[PDB]
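Each chain carries a letter (A, B, C, D and E) given by its place in the written order, and its residues are counted from 1.
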Amino acid sequence: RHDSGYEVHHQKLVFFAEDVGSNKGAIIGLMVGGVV
Amino acid sequence: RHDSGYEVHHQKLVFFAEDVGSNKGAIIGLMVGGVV
Amino acid sequence: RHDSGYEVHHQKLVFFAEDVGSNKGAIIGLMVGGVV
Amino acid sequence: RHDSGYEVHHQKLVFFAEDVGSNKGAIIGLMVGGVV
Amino acid sequence: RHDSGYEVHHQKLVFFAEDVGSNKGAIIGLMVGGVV
């Protein structure tokens, strides 16, 4: 009787970032995986 | 008797970002996977 | 008897972004997978 | 007896973005997969 | 009888960032995995 009010059984996120670029300037309040 | 009020059994997200570009300037309040 | 009020059994999202472009400037409030 | 009030059994989204273009400037409030 | 009010059974996130780019300057309030 799991009887659970709010459940998330699984989540799976895969992020790849690659930046060749140079001389690029940015402002980010938060980047969990950010690349400049 | 799982009896669960709110459930998400699975989620699966895959993001690929590659940036050749240079001299690009951006402002992002938040980027979970952002590339400048 | 799963008896579940709100369920999402699966979700599957795959995003590919590649940017050759240079000298491009943008403002994004949020980008989960954004590329500048 | 699944007996579930609101269910989504599956979703599957695949997005490919490639940008050759340079010197392009945009403002996006949110881009889940956006490319500048 | 798990009987649990709020549960997340699993989460799995994999982020890869590689930056070839030089002479790039950014301000990030927080970067959990950020690359300059």
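Criterion: a residue touches a chain if its C-beta (ideal position, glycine included) is under 8 Å from a C-beta of that chain, and two chains touch if they have at least 3 such contacts.
Undergrad: Work out which chains are contact partners of both chain A and chain D.
TA: Touching chain A and chain D alike, sorted by label: B, C.
Undergrad: Match interface A-E to one of B-D, A-C or A-B, accepting only the pair for which over half of the contact pairs are the same residue numbers.
TA: Interface equivalent to A-E: A-B.
Undergrad: Looking at A-C and C-D, which pair shares more C-beta contacts?
TA: Top pair by contacting C-beta pairs is C-D.
Undergrad: Centroid from C-alpha atoms only, then distance chain B to chain C, rounded to Å. What do you get?
TA: Inter-chain centre distance comes to 5 Å.
Undergrad: Measuring centre to centre with CA averages, how many angstrom lie between chain B and chain E?
TA: That gives a centre separation of 9 Å.
Undergrad: What whole-Å value do you get for the distance between chain C and chain E if each is reduced to the mean of its CA atoms?
TA: Chain centroid spacing, chain C to chain E, equals 14 Å.
Undergrad: Residues of chain D that contact two or more other chains, please.
TA: Only 22, 33, 36 qualify.
Undergrad: Tell me the shape of the graph of touching chains, choosing from line, ring, star, complete and other.
TA: It is other, because the touches fit no line, ring, star or complete pattern.
Undergrad: Spell out all pairs of chains that touch, sorted by label.
TA: Result of the pairwise touch check is A-B, A-C, A-E, B-C, B-D, B-E, C-D.
Undergrad: Which residues of chain A touch chain E in their complex?
TA: The contact residues of chain A facing chain E are 1-36.
Undergrad: Please give the residue numbers of chain C that touch chain A in the complex, ascending.
TA: Within the complex, chain C contacts chain A at residues 22, 33, 36.
Undergrad: Which positions of chain A touch chain C when the two form their complex?
TA: 15, 21, 24, 26
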